[PDB]
């Protein structure tokens, strides 16, 4: 499997992200590839917050939420999917499938021997993370869910389809410019942190493919796993749940999230973060504090 690795000097300057890199090699089924993750807090923490990112972000996106989690005595573990952040990046777009990403996540959990987590998810971090209980029913003991969907073989919307086509029409998608449009208040130094993984178009195979592999017709890969996952959350799940929604998201926003709320057994009414957009973790410090207070922490 062909791949590129982003030079370390790209990750020097980063605002509010001093966290040491940690890496895993030899993951079963990804022999050759190196995965980066953030790991902070005591490694015998009562609560480990597994923070999964989506498209086209990385663990950098959890940097405002992480210190609230560690302040509370938590461990925070935030992997960069292959194709993203400081992880290695396959160059052939065809390697990125729903299964490729899901298996990575499972290999990642097994390697750290993480068996009990507060799942913190958004976008593809939730499309994938929300399906983990299908295989590992006792893995998630609490959920903090943000702007995401359970992909069951339907479109999330007209907004989704436009976005998908736009990515398809952008062979060298400017990730930093996209984030500038999408995140109210983002500074120039934070924009460069989202550009940082991607020195050129050969680094963006996973960025290009992601929207195209969301299972939005019933028989695309991952759709049936999505349906199984919805079954779990609607009929077997009974853990503590907190939902927050960034209101300015014109794809996976309040609309899609109100429906998901009702499909997650016991999920209370969402915290609406009017300051936030799709990448709501950018306005996520109050999300982390409110989750914790809701969980009795």
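Positions refer to the first chain, counted from 1.
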* Asked: Per the entry, where is the mean C-alpha temperature factor higher: 46-54 or 27-35?
  -> 27-35
* Structure fact -> Once average C-alpha B-factors are taken from the entry for 7-15 and 279-287, the winner is 7-15
* To do: Specify which of 101, 142, 116, 208 carries the largest Cα B factor in the deposited PDB entry.
  => 116
* **C-alpha B-factor winner, where the candidates are 155, 131, 87, 147** => 155
* To do: Looking at the entry's B-factor column for C-alpha atoms only, identify whether residue 77 ranks in the lowest, middle or highest third of its chain.
  => lowest
* To do: For residue 267, return the chain-relative third of its C-alpha B-factor as stated in the PDB record: lowest, middle or highest.
  => highest
* Would you check the entry's CA temperature factor for residue 237 and let me know if it's in the chain's lowest, middle or highest third? => highest
* Divide the modelled residues of the chain into thirds by Cα B-factor and specify which third, lowest, middle or highest, holds residue 120. => lowest
* To do: Place residue 136 in the lowest, middle or highest third of its chain's C-alpha B-factors, as listed in the PDB entry.
  => highest
